[PDB]
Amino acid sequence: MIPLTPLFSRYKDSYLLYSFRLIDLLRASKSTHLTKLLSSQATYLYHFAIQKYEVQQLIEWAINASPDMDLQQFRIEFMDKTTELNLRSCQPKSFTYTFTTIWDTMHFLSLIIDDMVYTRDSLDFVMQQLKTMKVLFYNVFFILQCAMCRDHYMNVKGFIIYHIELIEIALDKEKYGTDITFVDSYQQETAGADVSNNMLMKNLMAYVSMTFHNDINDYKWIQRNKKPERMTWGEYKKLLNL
């Protein structure tokens, strides 16, 4: 499926760390609503990482874990519990949690979307996975503390979700007889809509999340009142072997 590269290996570990830090919040949840949101998100996260059954036991354990433990103690009991559930594949290699962990996670999910679409057949299955992807991007938690970031993301996250919906639309047209034409550039996709073609950019969500990532970093100069090395699509594809 997705090319194995150094950068993808980091994405994968960051993804697991993100998921670990999410289930640690369950014991602390101050509402039923938050508990249901976290539980579903973490279940979805491991889904994209028998396995469904073991994950359910892991999440249920996380739900009942003592609220009076610290993170470091939760981490100990989590490494034991994942080992006992034969879920060693859920254990992160590193636990240093930063903005990069969150970015890696979003870029990881984007790669998963692109891969599911490229290797589809079952279009109902992929259309259901996409809806789950929309829920995941809608409900990204920062876990770390940055209110400004949370405010900014809640304003512009629809940019990513919108593009997931474009893929749904493409798959719907394919179900009804117009196959997907994969194109090399975003410009072919956006221009093609301005008219019975069904053109979709290859690696669309890699590009979408890369451009979104650049925009966030450009905007923070406005946020700090300061004068401004941005990632290019050419070098991003190279780093990930796309």
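Start at 1 and count along the sequence shown; that's the residue number.
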item: Deposited-sequence gap flanked by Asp121 and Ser122; value: 1 to 3
item: Deposited but uncoordinated residues in the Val195/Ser196 interval; value: 1 to 3
item: Stretch exceeding the other in mean C-alpha B-factor - 122-130, 164-172; value: 122-130
item: 186-194 versus 173-181 - which carries the larger mean C-alpha B factor in the record; value: 173-181
item: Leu45, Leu34, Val208, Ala62, ranked by C-alpha B-factor: the highest one; value: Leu34
item: Out of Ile216, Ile50, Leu204, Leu38, highest CA B-factor residue; value: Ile50
item: Relative C-alpha B-factor of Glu54, binned into the chain's lowest, middle or highest third; value: highest
item: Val135, C-alpha B-factor rank within chain (lowest, middle or highest third); value: lowest
item: Third of chain Cα B-factors occupied by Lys157; value: lowest
item: Third of the chain's Cα B-factor distribution that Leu17 belongs to, per the entry; value: lowest
item: Where the record places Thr105 (Cα B-factor, split into thirds across the chain); value: lowest
